[PDB]
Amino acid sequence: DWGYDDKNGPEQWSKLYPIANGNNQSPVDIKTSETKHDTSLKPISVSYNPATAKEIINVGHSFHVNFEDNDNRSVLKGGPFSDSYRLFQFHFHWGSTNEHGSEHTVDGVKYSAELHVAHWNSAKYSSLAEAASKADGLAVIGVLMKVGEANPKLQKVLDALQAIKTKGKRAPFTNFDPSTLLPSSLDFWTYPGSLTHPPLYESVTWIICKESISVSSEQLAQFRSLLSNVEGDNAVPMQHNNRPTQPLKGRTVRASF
């Protein structure tokens, strides 16, 4: 029902999701002259088990890679967190051209895409459903993707898209550690925010990597060739799924560096 087209897009989400106009909405423009270095931030620690990788799904507006989350095989710790967060999913956002596509921006610069690695607070809550609406419920790592050299670490993900071309298609997607997609440096910014699409819950502690990762023009073309329509309908390419940046409304972006 909600989407990214003119009628059902970001500008219209506030009609059924009034939190769209809230005080902790994501994404944001990170102004580096306004970040506050925080001495208490610990290094980010990711430990993911490739056997937790489950399924790749065409969800119409995007594609998701889902992980088994019945236990602490795949966790995020450190950074601003006291709690351990359990991996559940990673996905991407992209734009209609190389010029835009990231959700977060840095000093107003727009990258070509962004990787989200999402986790839920299994220290406090017993399920993703319980965690998702809680202020301390979710932790998402964002990595800005800069158009340039082809990124070989995307190969398994890109190779899998031919089997989920249309909306609702899904396939097994196994034996994959998404920490291989992260940049060498885990230097980061953090700020309290939200899911970047409906239902836009203000439940996310964002970890934005300072270092970008690469993606080629042709790798981005593979994302944009995914189809939003169900099989047999006329083809409607997934051209974009990035939400514009939202007002900080007095929030502080902290730097680990």
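Residue indices: 1-based, along the sequence shown.
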With respect to the recorded C-alpha B factors, which stretch has the higher mean value, 77-85 or 160-168?
77-85
Going by the entry, of stretches 9-17 and 241-249 the one with greater average Cα B-factor is 9-17
In this PDB entry, which of 38, 211, 68, 55 has the top CA B-factor?
38
Residue set 179, 72, 105, 112, per-entry CA B-factor max assigned to 72
Entry-reported Cα temperature factor of residue 142, expressed as the chain third it lands in:
lowest
Can you tell me whether residue 132 has a C-alpha B-factor in the lowest, middle or highest third compared with the other modelled residues of the same chain?
middle
For the chain shown, is the CA B-factor of residue 60 in the lowest, middle or highest third of its modelled residues?
lowest
Should residue 207 be placed in the lowest, middle or highest third of its chain by the C-alpha B factor in the entry?
lowest
Residue 222: CA B-factor among chain residues, third -> middle
